[PDB]
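A.B. asks: First, the structure itself, so that you have it in front of you.
Protein chains: 2
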Amino acid sequence: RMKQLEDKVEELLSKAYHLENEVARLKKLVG
Amino acid sequence: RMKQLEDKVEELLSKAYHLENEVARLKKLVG
């Protein structure tokens with residue numbers, strides 16, 4: 001479970017980073 | 001430990017939704 005949970009945190013961080021990059025992209029469009 | 005890990009997942013999920021919402025605003029705002 002511990003292993004499952006670690007995996008989930010790593011999965012979530014990855015998704016988080018993907019979206020943060022997207023926001024940046026859009027932030028530039030915006031300016 | 002298990003619970004610190006559960007908490008971290010909860011924290012990242014909430015962050016990911018915050019960013020999803022955000023990306024959705026920006027996108028509408030830009031195109």
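Same order as they appear, the protein sequences are chains A and B. Every letter in the first sequence is one number past the one before it in the deposited numbering, and letter 21, counting from 1, is 21. Every letter in the second sequence is one number past the one before it in the deposited numbering, and letter 26, counting from 1, is 26. Idealized CB from N, CA, C, for every residue including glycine.
Could you give the residue range of the alpha helix (DSSP H) that holds A/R25?
C.D. replies: Indexing the first sequence from 1 puts residue 25 of chain A at position 25. Unbroken alpha helix (DSSP H) run through A/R25: 2-30.
A.B. asks: Any residues in the stretch 6-29 of chain B with a beta carbon nearer than 8 Å to a beta carbon of chain A? Which ones, in chain order?
C.D. replies: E6, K8, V9, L12, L13, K15, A16, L19, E20, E22, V23, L26, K27, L29
A.B. asks: With the cut-off set at 8 Å, would you say B/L13 and A/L12 are in Cβ contact?
C.D. replies: On the second sequence, position 13 is the one that residue 13 of chain B refers to. On the first sequence, position 12 is the one that residue 12 of chain A refers to. B/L13 places its beta carbon less than 8 Å from that of A/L12.
A.B. asks: Go through its chain and collect everything with a Cβ distance to B/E10's Cβ below 8 Å, but skip five positions before and after it.
C.D. replies: On the second sequence, position 10 is the one that residue 10 of chain B refers to. Cβ within range, chain order: n/a, list empty.
A.B. asks: In angstroms with no decimal places, state the Cα-to-Cα distance between B/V30 and A/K15.
C.D. replies: Residue numbering aside, residue 30 of chain B sits at position 30 when the second sequence is read from its first letter. Residue numbering aside, residue 15 of chain A sits at position 15 when the first sequence is read from its first letter. C-alpha separation (whole angstroms): 22 Å.
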